[PDB]
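S.K.: Output the structure for:
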Amino acid sequence: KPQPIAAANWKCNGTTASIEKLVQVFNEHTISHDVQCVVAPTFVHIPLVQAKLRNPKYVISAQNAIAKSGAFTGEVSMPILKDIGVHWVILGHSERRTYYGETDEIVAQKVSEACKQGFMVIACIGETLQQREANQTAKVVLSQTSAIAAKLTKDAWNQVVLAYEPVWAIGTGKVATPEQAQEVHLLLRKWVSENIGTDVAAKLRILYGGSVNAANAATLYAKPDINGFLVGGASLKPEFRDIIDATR
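M.R.: Residues are numbered from 1 along each chain as shown. The coordinates are given below.
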């Protein structure tokens, strides 16, 4: 397997005091294996986390961005993030697709621009409960992935991490079973192998997210095509340490 990733999506949460305490916990956890840890604070907390986070296995990610600076009140651009030292971004999270109008073509454009600007990108894909029950999971996730792929060159895939998060698993407590997740990860990896390249597919990290916790992480990671996790609720807690260690 390629190098795993354990990514903490703090979403729209945190106070300075709670973040200081949690970062201390993460700093004091010695990670002995090869894993890339990622923490994605809210924009306003990025400087605090940059100042306090010292664990060498971690990088900081933004939770969203727009491609260019300019007259976009309220938004944060990729050049602005790069200038402050952030070169990872999560794009296309279900919450943004649902609440904030991010269509496949908007996500694909953002991913393309992030790659051109040198970011590592965690690009999120996943089906809704209605799509799953209609036996459309594969069609949906492959459509979302091919929309992204259409805007990328083969070289750019070195910067891409895919995160499969069934929408019905996000925040609900209803994690996908290892078999459910593995079926989708395998389908995605096969599509990448056939449509992009077998060398790309072998090195591509495909993360699972949606109700990962420290108790279910190891049995997800045991599956051959799962390369780590994008973690929401449990990444606000000290048991994120055990999620990291489940990628051994």
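
S.K.: what about the strands in this protein?
M.R.: 5-9, 36-40, 58-60, 88-91, 120-125, 160-164, 206-209, 228-231 (DSSP state E).

S.K.: Tabulate the ones you listed in JSON lines, adding columns for mean neighbour count and distance to residue 47.
M.R.: C-beta: built from backbone N, CA, C; applies to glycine. JSON lines is the format used below for the strands of the chain (neighbours: other Cβ atoms under 10 Å; distance: least, Cβ to Cβ, whole Å):
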{"stretch": "strand 5-9", "mean neighbour count": "26", "distance to residue 47": "17"}
{"stretch": "strand 36-40", "mean neighbour count": "24", "distance to residue 47": "13"}
{"stretch": "strand 58-60", "mean neighbour count": "20", "distance to residue 47": "10"}
{"stretch": "strand 88-91", "mean neighbour count": "24", "distance to residue 47": "16"}
{"stretch": "strand 120-125", "mean neighbour count": "25", "distance to residue 47": "20"}
{"stretch": "strand 160-164", "mean neighbour count": "26", "distance to residue 47": "24"}
{"stretch": "strand 206-209", "mean neighbour count": "27", "distance to residue 47": "26"}
{"stretch": "strand 228-231", "mean neighbour count": "29", "distance to residue 47": "23"}
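
S.K.: what about these, which gets the closest to residue 19?
M.R.: strand 36-40 (9.6 Å; Cβ to Cβ).

S.K.: Can you tell me the strand partners of that closest one and which way each runs?
M.R.: In the sheet containing strand 36-40, its partner strands are strand 5-9 (parallel), strand 58-60 (parallel), by DSSP bridges.

S.K.: Tell me how far the residue positioned nearest the centre of the chain lies from residue 17.
M.R.: Nearest residue to the geometric centre of the chain (Cα atoms, centre = their mean): residue 122, 4.1 Å. Distance, residue 122 to residue 17, by Cβ to Cβ, to the nearest Å: 27 Å.

S.K.: ok, now which ones touch the residue nearest to the centre of the chain?
M.R.: For residue 122, the contact set (Cβ atoms under 8 Å, 6 or more residues apart in numbering) comprises 5, 7, 38, 61, 88-91, 161-163, 207, 230.

S.K.: got the residue ranges for the helices in this protein?
M.R.: 16-28, 46-52, 78-84, 94-99, 104-116, 129-133, 137-149, 178-195, 198-203, 217-221, 240-245 (DSSP state H).

S.K.: Out of these, which is the most enclosed?
M.R.: Counting by mean count of other Cβ atoms under 10 Å, helix 240-245 has the highest mean neighbour count of the helices of the chain, with a mean of 22.

S.K.: Tell me, how many residues neighbour the closest residue to residue 18 other than its chain neighbours?
M.R.: Distances taken as Cβ to Cβ, 6 or more residues apart in numbering put residue 236 closest to residue 18, at 7.9 Å, once the chain neighbours are dropped. If you count neighbours by other Cβ atoms under 10 Å, residue 236 ends up with 18.

S.K.: residues contacting residue 245?
M.R.: Contact analysis of residue 245 by Cβ under 8 Å, 6+ apart lists 31, 33.

S.K.: Distance of it relative to residue 82?
M.R.: 31 Å.
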